[PDB]
Structures are given as structure tokens and as C-alpha cells.
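K.L.:
Provided hereafter are the protein sequence and its experimental coordinates.
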Amino acid sequence: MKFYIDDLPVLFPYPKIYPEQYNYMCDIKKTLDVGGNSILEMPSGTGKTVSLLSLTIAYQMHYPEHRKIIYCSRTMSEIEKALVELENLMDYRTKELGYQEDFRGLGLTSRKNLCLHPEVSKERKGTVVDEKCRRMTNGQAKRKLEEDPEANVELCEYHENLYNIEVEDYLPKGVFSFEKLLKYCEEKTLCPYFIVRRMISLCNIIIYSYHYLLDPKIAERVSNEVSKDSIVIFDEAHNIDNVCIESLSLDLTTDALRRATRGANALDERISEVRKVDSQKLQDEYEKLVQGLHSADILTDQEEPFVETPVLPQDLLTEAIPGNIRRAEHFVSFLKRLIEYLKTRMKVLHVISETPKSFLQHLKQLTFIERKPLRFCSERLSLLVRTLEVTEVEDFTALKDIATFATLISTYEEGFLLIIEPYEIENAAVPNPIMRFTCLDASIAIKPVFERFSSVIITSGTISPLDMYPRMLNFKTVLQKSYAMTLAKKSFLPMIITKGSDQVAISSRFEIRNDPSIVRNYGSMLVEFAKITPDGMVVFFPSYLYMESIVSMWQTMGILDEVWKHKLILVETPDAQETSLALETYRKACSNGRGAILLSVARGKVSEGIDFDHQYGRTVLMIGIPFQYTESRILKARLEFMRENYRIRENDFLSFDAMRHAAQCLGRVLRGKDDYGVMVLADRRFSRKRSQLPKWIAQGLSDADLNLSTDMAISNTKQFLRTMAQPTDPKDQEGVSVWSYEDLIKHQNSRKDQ
Amino acid sequence: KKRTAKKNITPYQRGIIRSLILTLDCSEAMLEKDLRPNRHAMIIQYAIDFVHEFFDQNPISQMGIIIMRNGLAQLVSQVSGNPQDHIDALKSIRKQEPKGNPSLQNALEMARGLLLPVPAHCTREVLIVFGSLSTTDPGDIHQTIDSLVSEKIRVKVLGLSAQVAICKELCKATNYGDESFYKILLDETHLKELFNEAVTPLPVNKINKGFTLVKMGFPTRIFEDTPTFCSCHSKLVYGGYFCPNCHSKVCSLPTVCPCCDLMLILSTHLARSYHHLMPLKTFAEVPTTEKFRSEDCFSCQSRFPXXXXXXXXXXXXXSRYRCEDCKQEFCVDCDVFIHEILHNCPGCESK
Ligand code: SF4
Ligand SMILES: [Zn+2]
Ligand SMILES: [Zn+2]
Ligand SMILES: [Zn+2]
Ligand SMILES: [Zn+2]
């Protein structure tokens, strides 16, 4: 299609369009005109990516100013979905117009999946794979390689052929999807990691996980050339406020404290051994500290940086000498004085949430170490370690967390919280204290990204209401509007099973345990679906531990064989590797004749990134209300902070947040308007939260569907499937919800110009 | 408010000389009380109807039957041109009851090799009656899917009031990638029409393939009764026929000769396809007022056509189904029955 929004061609890759899309198209350009925030709700059943990319890509190719576009998704899995979608649209944009791209657009996932060196790629741990190639292709290791001819230092050689051919230009013209990128890079024996690392200043659009925008330790290479005058795009960003606070979160364990002593004592050996050999550089680095923060070679580091910037990207940084901490022996001494004080603060017999100030003052009372120099731990460690040119990190892995933490808490106050549990309640009565620490307001990290740009886009099919987030992140949008699914057919049956076959108000809030009155009713309720439902059916527990709780007794119950006698059952596994193998086989079985049934957690990772088409998404299950206070009052602590900071209480936020995570899972049942699937839910309180739903979801929910019985619901979904299974192809009223190819959008919307 | 196909793209190559072995499920799934006796017994009732009608509408085709019981498929009828052997088989199968589960792949391959001896002109096709939601496959179905499509055998199947994506894919995969063959039921009459539309040949757009001529002869009836003697069954036949070439006393059968193996047919089967080959356009219901034609039926004598300004009775409609080619009307009862039974448009027949 090629229509206009009164200013720009719209090279829409599909012949068909949708009424939401043009309304989506109407607002995106309108928002694009006035760079703001404009939080909008677009139904996930429609593919917003097409409406997303098409108007934006044209906008850059029509308006000649915004040469850089930024999209931040939740998962790199979404990135490759966007990567091919852009690639297809880029092909289509060329297809409709010829060759008018000259465009650079690539994803960004990690070094782990982009380090093409097989040995480094073979390693499992993401830290090591990063660290290995960091060491394998290091600014100093290559010196140990180039200056001293030796086999001691090897290289990825992908970074080298990067420096040979790749660091003169870009990859020729492709908008490389991850498969296409990896296929190309491997044939060029290239490193897509270092490629995008240097391609930061070259990609006309960049797609990556929110963390590269959010996580300052990886949101630190930010170049204002691609950032300042760019547009920021967010979808499904509702479950990111937690991520933001998670990005500032930090859990500690006395074992790691001993690991810290393991590293910190090893530092004493490391600094002493080089001191006998070459302390002159260390003395020279003291002068490099005497001149300042040694930004000459603590930032100008091709592959040198040991400690990254865990704090926000150098906003709250001082650069003077650290007084006496200039000496490494002194530097470790306060650190060694600290870790034991930390241990002395870790050994608390009960749970204590210590204020950042009082705890710091308490430290000062115990170990008189000043706050401002304490932030220098991160820079000093990154500085010192490379000067030590250590050959290992595992002993020092605990240390960078301290360099993270000690800088963090010394930088952060009255927006963060240090809390020292004496153990974990799930394994209480044993000594396992955690010195848990995190932020409280998510907007704190959002404020710099708020500050840096005006044109920012946020979208979700789940966000409801669209007002908590402006309250939460303390910002003003332009358009706070929700889109409804223009469907002339049901295509999904929202079902609230408050009452079971027993007509019992059934819930997950009662306990995190089993009661067969509710549970066996649930088990009996579930099995009838296995017979009637086709391949594709998933459950979402409120908690993984709660998930396992119900599993064993149902396994003990005879309920287990019949569903196997009906379909295939695949579990959620703590390792995603087995889970992935389950997932593909589940989809394979879903693609296969033998039916497949799944089971997950509403907080599980599947609800985060994994979508399911018509066949793959057929019958979603919400196992009770997804609730999170199974854990401690750290939720309440932030919530109490939330309650005092914002006039939002627990349950209101909880219902908002729980249904947000509930709706987070439910968005994965749909692929397009061709897709469909009944949306069953089983909890007594589900009837109350009819308002908390997103509009189209709430619109799709009739009031007659509340507190339904499973038996009556079984009849309800019974007819739905056959009707949907029936080839409902009117081909005349479809154009009402299709806005027939290049005509109705041209005709109707231009008619609707009044 | 009309439920009609916009146009009928019949005009050319369809499935006429057919080799269909429909496969049934005989499982606990067919045992359940979804239909009044059950699925299976009503289905066996339903299935019986099509057999003769298949041999009625398509006497030029051959057919056997296979079922699937207890995770295993079982052939239950030989591919033949006589309904009776197939017909009598179901009577035992009627008195037989479905059991266990169906094995799709067992049916997949048992039927697959079953259709190997079929000639090219005899069109290979399979239809499935399935009630469960999962299969019983000894191996890779997609391999068998690959094997079947490599054999160039399009297939339509009809599951129960539900959908199976691979079955939706299979009917797609079998039929040149065109998915119009996984239609499922929602009602017994809606199931009855499935039989009714099944007897029709299958034109969509046949790829330009090798088209083969056919040579045979007509049979010549035997007259004597007391001379009872048979050769195709070594019996005594109180009346029979004679092969055009082998010249064997053969009982009444439009089948192939048993001695020199040539098809024996008189005239009837041939013209059955002809009205199928070139059907008519539906008699267009002429308007209530814009027609203003003779106030009577054309094929029949239905003087009443509307109600003449009778509020809504006349504003309802006008039973004026008019064939376009003849430009002559027909009462709906006449016109529908015409297109139902005998195309033979008298207005078009008269010239
Ligand atoms: S040089 Fe490239 S391929 Fe080798 S480990 Fe480093 S990033 Fe990976
Ligand atoms: Zn005989
Ligand atoms: Zn003969
Ligand atoms: Zn008539
Ligand atoms: Zn006519």
C-alpha cells in the first residue's frame, strides 16, 4: 500500500490494512510532529510493529532531519522479530520505490550471542563469555600478543578482521536481522559484537533491549550523535518499572562476602606482587590519581574497562584525588575494613531495612570512611585491575559487585533502600543473610533519558490504566489514548471462573499451598479442556514454587494420566535450555497432530517475550490471581515508599500491577485478526477487576462472562471453537475491519476528514 | 439475505475417474454421545448413504474403506465398483463398535500403498472422518505428508466441530498448498451436506498434465435364463452380458472385463458426468417489480409469484428464478429441483 497521512507516503508492506493502524498511523505522525511521550495502548492482536515501522521509516526518509531512530524492546527475541520485520519492510520500501534506502539498521543483543569465536561461544556463563573475549581481544592482551610474540595471548580474530576490513566502513547495505547478521558475519568470520560496538555511530536505526537504554552499566556508551536528535520507541514497557528498580537492585550473600574477602585478599597479593616487580607504574598511577580520576585511560579504553559504570552514566561523578585512598594498600585497607563491617552488618540476627544515610553514618561511626571517596571504588578498581593486568576475574567477581555497591550506595540516598535479611524465609532457621539493596523510584533512571530526548514513544497492549505510569514515572505525555480491537467477530472468550463445577469461589490468594476443595476442583476443571481443546494450551501460576506445589499432588491424583491420555504435556524448566527444547517441541507438537499442553508462571519468562499464533495460542489459563506478596515486605517497603511518594495504595497498584502481569501473559495468544483463542481465568477476585483491564480487552469482556462456572463456560467455548473453526469468510464486512487494500483508507478516512 | 456462491468456477478439469478410499475412526472418541445414538452409529448411518450415491453420482470410480481402532488402522472394504461388498461390510461394522484410539499414520500408509496400483487416469483422493484431538503415528507424519504430496494426491478431510492445524495444513499440503479442504461440521444436516457436496467432482485448476485417451467397448446382454452359467464368478447366471472383446458371459456389471480386462459400459455412466461437466447458471430470481413477467412459473405452473402490494407479503420476494441463458423464469421449487436433479433447462432446451 502507498497512502498518505497528509504529509508522507506510507509504503505499507501488506496489501491489507486495519482500522486501528490508520488511527495508530494518525497519532504516531501527530506525536512525531510534537516530540513528546504520548503513552498509547495498541491491541497486541494487531501487529503494531507494522504500523510502528512503516510510518517511522518513511518519516526518516520523508522528513530529512531525524536520521537516527531508537527502538528499545523487552527482549532481543523481539529485536530479531523487529529485525526481520524492518528487513521485510525495508525490502518492501525498496520494492514499492526501487532502491532508496542507503540505510543502516541493526539489532543489539549481547556479546554472548554475537561473539562468533567458537571457544568463547562454547562457554556458558554470560559474564565469562563477555570477560573471555574481553580478555581474548583485550587492549592489553594484544600488547602482550603484539609486543611480546607469544601464544600466551590468543584472539577472537573476529575483532581482528573487524579491524582489518570492518573498521573502515559498515556491513555493505543490509538491515541485518540476527540470522542474516550471523550468517553474514560468520562467512566474513566477523564479530557482530564488535561490529555493533563500532557501528554505534553508524546505524540509522538501532534496536536493543531496554537495558542498553536502561542499564547504565551498559547504557554508558551512549553517543549523542545517534541519541540527542533521535526518537525512542517502547513497546510492552509496562513491566519495566520493576526492571528499572531491578537495574538498581542488588542482593548480597555472606558467601559472596567471603568471596569478596577471597578477591580482596587476593588483591593484597596482586598489588604486593606487582609492587615488588613494578610499583613505579602504580606510583605513576598515583600521580594519575593526583591529576584526577585518570579519565585519560579509565574511559579511553578499547577493551580495557574492568569495572563498568554500574551507577547512572557518569552523571553523579566527582573526579578529584581520593585523599589517602590514592594508595592501593590504603585503598584495599578501607575496602577490607568495609567488607568486614559489611559482614558485621551482614550478621544481623533479624531483617533490617537500613536507611542509606543512617547506615552510612553508622559505617562512619564504625569505620570512618567518607561517602564521596567511596564512589571512587568503581573507577579505582577498573583503574587498578588493568594496571595489575590480572589474568582472572572469578575471585574478583565478588569485588566488582562491591565496586558497584560501594559506589552505588555512596552515590544513592533517600531513593534507595538497604535491607539486611538474616536469612531467607523459604529456608528459614538457617543462616543465609542477604544485604538486599535497590532503588525505589523507577523514574530516577528514567529522568536522564527523560532529560536527553523529547521524542519518545511508549506503547503496550497491556498497559492499564495509562495514568499510573505518568504518576509512577513522574512525566507528562501528549496523547494518553487506548486503541480497541476492530473485530467484527469475537475471536476470544474472556472467562472469569470465580465458581468452579462445585460453584466454589476459587482463589490462589488463600495460601501458596494446596487445598483439594479448590485444587482438585481446579484439576477436575482443567482436564475437561484437554479433551476439548486442540494442541496449544498454557497455564500461568502466580509463583513457580506455587506451581510445583500443585503439581505433585495432581501427579499423586489420577488427573495426570488422562491429560497425557488426551494431549502432550510440557513443563516450565528452571534452565531455559530445557524450557526452550520443551517450547519448540510443544510448538512442534502444537504443529503436530498430537495435542500439546503447556504450564507456566504468570511471572515466568514465557509471558515476557514469547508470542503464540492461532494454532500456538488457543487456550490461555490464569491460575488464580498472580500475586507477589508470597515474598517479604520489600514489596511493601517500596509500596510504603510508593504510598508515601504517590497516592497509590497496595491493592490498587497490586490489581493494576497484577492484571498488568496477567494481561502481559494474555497478549501472547494472538498473532493477527486471523488468530483467535478463548481466554479463561480462574479466581474469585477476577470479577472485581473488570475495570483494570485494557480497553479492547475490557471491551471484549461482556458483563455476562463474570464469575462464570467452568461447566457453563465449557459450553460457551464449545460453540466458539467450531464457529472459529468454520471458514468465516464474508469478504464484504471484512473490509469494514480490513479497510480494503489502498482504497477504503484512501476513501473512508478522506471522507472522514470532517 | 442470500447464501449463494458468487460464481461457480467449474468450467474445466475435475475429478471424474476417482479412486477414493475414505478412512473412518473407530475409537472411544466415536463412542461418545455427541450424536443421538453416538458419533459412530449415526455416522455409520450417515456413511452408508454416500456409498451408493457415490456409486450413483460416480459409477466410474472405485472405492474401499479403512478404519482405525485402538491406535491401529484397519482396512474394512476392498476397493471395488460394487456398493454391495462395501455396503454389506458396514452392516457388520454397524454391529461392530469403535474401540480404543485411531492411528492416523497407520491409515496414512495403509491407504498410501493401497492407492499405488491405481492408474493415473483414476484420480487418487482420500477423505477422513476424525473425532479425537490427537493421532497415533509410528513415525514422522510430515515425511508421510511429503510422501503423499510427492505422489500428487490432493485430499480433503472433515474433522469434528474443531480444528487441527496440521490437518488444516495437511489438506492444504495435499491440495497444491491451497487450503479449502479441512472444512469441519457443526450440525448433522450441516454434516449431511458434507456428503451431498462430496459426491461432486473436484475442479479447481488442474495443472497441465499428461492427458490419456481411453479405449474400451460396450457389453452385450445374455438372454437365456435356463442356460445359467457364469465365468467372472464360476457360477450359474440366469442372465448376463458379453464382453465386446473376450466375449465372456458376464453378470450385470458396469465394471471391467475379467478376461481381457477392459471396461464394460453402456451409456448411463457417461452422461452422468456431462451435466456435471457443463452445468448451468442458477435461475436468477427475477425482481418483485422490475421483472413484471408472466405471473406463473415457467417449468411448472405456479401462478402465484408474490402478493401484489400486500404490505410486506409482496415486498417479501418474487418466486421468479429465471435462467439467464434462456431468459425464462422458473418457480423456486421447479428451479431448485432443476438444478438439483436435471439441468436440462427447457427454456434453453427449446430453441
Ligand atoms: S573477537 Fe569477536 S568472535 Fe571472538 S570472542 Fe571477541 S566478540 Fe566473540
Ligand atoms: Zn459372474
Ligand atoms: Zn473381455
Ligand atoms: Zn414451477
Ligand atoms: Zn435457461
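P.N.:
Cool, got the structure. Numbering: from 1, shown residues only, chains lettered A, B, ... in the order given. Ligands and ions are numbered 1, 2, ... in the order given.
K.L.:
For residue A:503, give me phi and psi.
P.N.:
Residue A:503 adopts backbone torsions of phi 60, psi 30, taken as degrees, to the nearest 10.
K.L.:
which residues touch it?
P.N.:
residue A:709 (CB atoms under 8 Å, 6 or more residues apart in numbering or on different chains). In short, each C-beta sits where N, CA and C put it, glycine included.
K.L.:
And the strands in the stretch 101-250 of chain A?
P.N.:
Along the stretch 101-250 of chain A, the stretches classed as strands by DSSP state E, counting those that start in this stretch are A:105-108, A:205-209, A:231-235.
K.L.:
got the contact list for the host helix or strand of residue A:451?
P.N.:
Secondary structure assignment for residue A:451, by DSSP states H and E: helix A:443-452. With contacts defined as CB under 8 Å, 6+ apart, helix A:443-452 is touched by A:213-214, A:216, A:222, A:224, A:227-228, A:232, A:244, A:247-248, A:312-313, A:315, A:415, A:439, A:456, A:472-475.
K.L.:
how about that helix: buried residues?
P.N.:
Buried residues in helix A:443-452, counted by 16 or more other CB atoms under 10 Å in any protein chain shown: A:443-447, A:449-450, A:452.
K.L.:
follow-up on the earlier one: make a markdown table from the strands of the stretch 101-250 of chain A and add mean neighbour count and distance to residue A:559 to it.
P.N.:
Formatted as a markdown table, these follow (neighbours: other CB atoms under 10 Å in any protein chain shown; distance: least, CB to CB, whole Å):
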| stretch | mean neighbour count | distance to residue A:559 |
| --- | --- | --- |
| strand A:105-108 | 26 | 44 |
| strand A:205-209 | 25 | 39 |
| strand A:231-235 | 22 | 38 |
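K.L.:
Quick one, which of these gets closest to ligand 4.
P.N.:
Nearest to ligand 4, of all the strands of the stretch 101-250 of chain A, is strand A:231-235, at 63.1 Å by CB to the ion.
K.L.:
Who are the contact partners of the residue in the stretch 351-500 of chain A positioned nearest to ligand 4?
P.N.:
Using CB to the ion, residue A:488 is the residue of the stretch 351-500 of chain A that sits closest to ligand 4, at 38.6 Å. Contact analysis of residue A:488 by CB under 8 Å, 6+ apart lists A:733-734, A:736-737.
K.L.:
Could you list which residues are in contact with residue A:88?
P.N.:
Contacts of residue A:88 (CB under 8 Å, 6+ apart): residue A:13.
K.L.:
What separation is there between it and residue B:300?
P.N.:
59 Å (CB to CB, to the nearest Å).
K.L.:
what do you get for residue A:676?
P.N.:
Residue A:676 is 46 Å from residue B:300, by CB to CB.
K.L.:
Looking at the two now, which is surrounded by more residues?
P.N.:
Each of residue A:676 and residue B:300 has its neighbours counted (other CB atoms under 10 Å in any protein chain shown); residue A:676 has more, 24 against 13.
K.L.:
Helix, strand or coil: sort out the more buried one for me.
P.N.:
coil (DSSP: H, G, I helix; E, B strand; the rest coil).
K.L.:
buried sites along the longest helix anywhere in chain B?
P.N.:
For chain B, the helix that runs over the most residues, judged by DSSP state H, is helix B:39-57. By neighbour count on 16+ other CB under 10 Å, the buried set for helix B:39-57 is B:39-44, B:46-48, B:50-51, B:54-55, B:57.
K.L.:
Tabulate the CA atom coordinates of that helix in PDB.
P.N.:
Only the C-alpha atoms of helix B:39-57 are listed here, as PDB (Å, rounded to 0.1, in the frame of the first residue of the first chain):
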ATOM      1  CA  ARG B  39     -20.900 -40.300  16.800                       C
ATOM      2  CA  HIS B  40     -20.100 -43.700  15.100                       C
ATOM      3  CA  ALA B  41     -23.600 -45.300  14.800                       C
ATOM      4  CA  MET B  42     -25.200 -42.100  13.400                       C
ATOM      5  CA  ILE B  43     -22.000 -41.700  11.200                       C
ATOM      6  CA  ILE B  44     -22.300 -45.300  10.100                       C
ATOM      7  CA  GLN B  45     -25.900 -44.400   9.300                       C
ATOM      8  CA  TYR B  46     -24.600 -41.300   7.600                       C
ATOM      9  CA  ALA B  47     -21.700 -43.100   5.900                       C
ATOM     10  CA  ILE B  48     -24.000 -45.700   4.400                       C
ATOM     11  CA  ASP B  49     -25.900 -43.100   2.400                       C
ATOM     12  CA  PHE B  50     -22.900 -41.800   0.500                       C
ATOM     13  CA  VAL B  51     -21.700 -45.200  -0.700                       C
ATOM     14  CA  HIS B  52     -24.400 -45.900  -3.300                       C
ATOM     15  CA  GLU B  53     -24.800 -42.200  -4.000                       C
ATOM     16  CA  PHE B  54     -21.000 -42.100  -4.600                       C
ATOM     17  CA  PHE B  55     -21.500 -45.100  -6.900                       C
ATOM     18  CA  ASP B  56     -24.600 -43.400  -8.200                       C
ATOM     19  CA  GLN B  57     -23.100 -40.000  -9.000                       C
END
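K.L.:
does any bit of the next helix-or-strand element following it sit next to chain A?
P.N.:
Where DSSP H and E defines the elements, the next helix or strand beyond helix B:39-57 is strand B:62-69. No. Strand B:62-69 lies out of reach of chain A by CB under 8 Å from any CB of the partner chain, never closer than 12.5 Å.
K.L.:
Report the strands that pair with strand B:62-69, each with its relative direction.
P.N.:
Strands that pair with strand B:62-69, judged by DSSP bridges, come out as strand B:18-23 (parallel), strand B:72-80 (antiparallel).
K.L.:
and of those, who's closest to ligand 3?
P.N.:
strand B:72-80 (17.9 Å).
K.L.:
Buried residues in the closest one, which are they?
P.N.:
For strand B:72-80, burial by neighbour count (16+ other CB under 10 Å) applies to B:72-77, B:79.
K.L.:
Can you tell me how far the residue nearest in space to the middle of chain B is from residue B:276?
P.N.:
In chain B, the residue lying closest to the centroid (CA atoms, centre = their mean) is residue B:199, at 1.7 Å. Distance, residue B:199 to residue B:276, using CB to CB: 9 Å.
K.L.:
Are there residues contacting both of those two? Which ones?
P.N.:
In contact with both residue B:199 and residue B:276: residue B:57, using CB under 8 Å, 6+ apart.
K.L.:
Next up, the contacts around residue A:672.
P.N.:
Contact analysis of residue A:672 by CB under 8 Å, 6+ apart lists A:45-47.
K.L.:
Out of the residues you listed, which is nearest to chain B?
P.N.:
Distance ranking of the contacts of residue A:672 against chain B, using CB to the nearest CB, places residue A:45 first at 18.3 Å.
K.L.:
Now the closest one. Nearest residue, chain neighbours left out?
P.N.:
Leaving aside its chain neighbours, residue A:45 sits nearest to residue A:670 (3.9 Å; criterion: CB to CB, 6 or more residues apart in numbering or on different chains).
K.L.:
Now do the contacts for that neighbour.
P.N.:
A:44-45, A:491-492, A:611, A:617, A:676-677.
K.L.:
want to throw those into a markdown table with secondary structure and distance to residue A:58?
P.N.:
As requested, those are exported to a markdown table (DSSP: H, G, I helix; E, B strand; the rest coil; distance: CB to CB, whole Å):
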| residue | secondary structure | distance to residue A:58 |
| --- | --- | --- |
| A:44 | coil | 23 |
| A:45 | coil | 24 |
| A:491 | coil | 30 |
| A:492 | coil | 32 |
| A:611 | coil | 26 |
| A:617 | coil | 31 |
| A:676 | coil | 31 |
| A:677 | coil | 33 |
